[PDB]
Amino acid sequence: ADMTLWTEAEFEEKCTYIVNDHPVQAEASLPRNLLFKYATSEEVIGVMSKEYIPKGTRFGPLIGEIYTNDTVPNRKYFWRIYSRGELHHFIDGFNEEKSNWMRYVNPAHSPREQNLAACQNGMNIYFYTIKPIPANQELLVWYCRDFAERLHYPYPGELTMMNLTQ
């Protein structure tokens, strides 16, 4: 039940609820269980729950412009996609007319804050809730273990030197 160390395959296989986007694209696509957080203007500064979001809910896939190295023209909204253990392409969520609402979700600062894991399944990126999100709480994402490892990034539950030499 602790999803911290699940593999991308385990997220896909053991997901309970699937939430599709709502039928500018980045704003219009926001599912009906979410709301935007706004600046004190109409600038969107994050995504919040409108209602209780269960653990084990999948959002996505991420929509954005796709670039390879040979085709790439701002990298803050980039997500990397891998094939057979090599970087294959980027999905770029920067352009709000060609990207969905996932571009607005802020990153978690700590394991405690994280309530979404980002995973690559197939050729897509999804965000899975790893804990319940009560109403009117911010969605805060970080890479799942396998994705973090592909990036050489830290992640919740990462083993320490102390762990590896115990």
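All residue numbers refer to positions in the sequence shown, first residue = 1.
Where coordinates are absent for parts of the deposited sequence, a chain break appears; between neighbours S110 and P111 there is no such break.
Where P23 is followed by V24 in the displayed chain, the model omits 10 or more of the deposited residues that sit between the two.
The stretch 154-162 shows the higher mean C-alpha B-factor when 154-162 is compared against 12-20 in the entry. Of the two segments examined, 120-128 and 43-51, it is 43-51 that shows the higher average Cα temperature factor in the deposited entry.
Out of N33, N100, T68, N106, the entry records its largest CA B-factor for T68.
When the modelled residues of the chain are ordered by their C-alpha B factor, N136 lands in the highest third.
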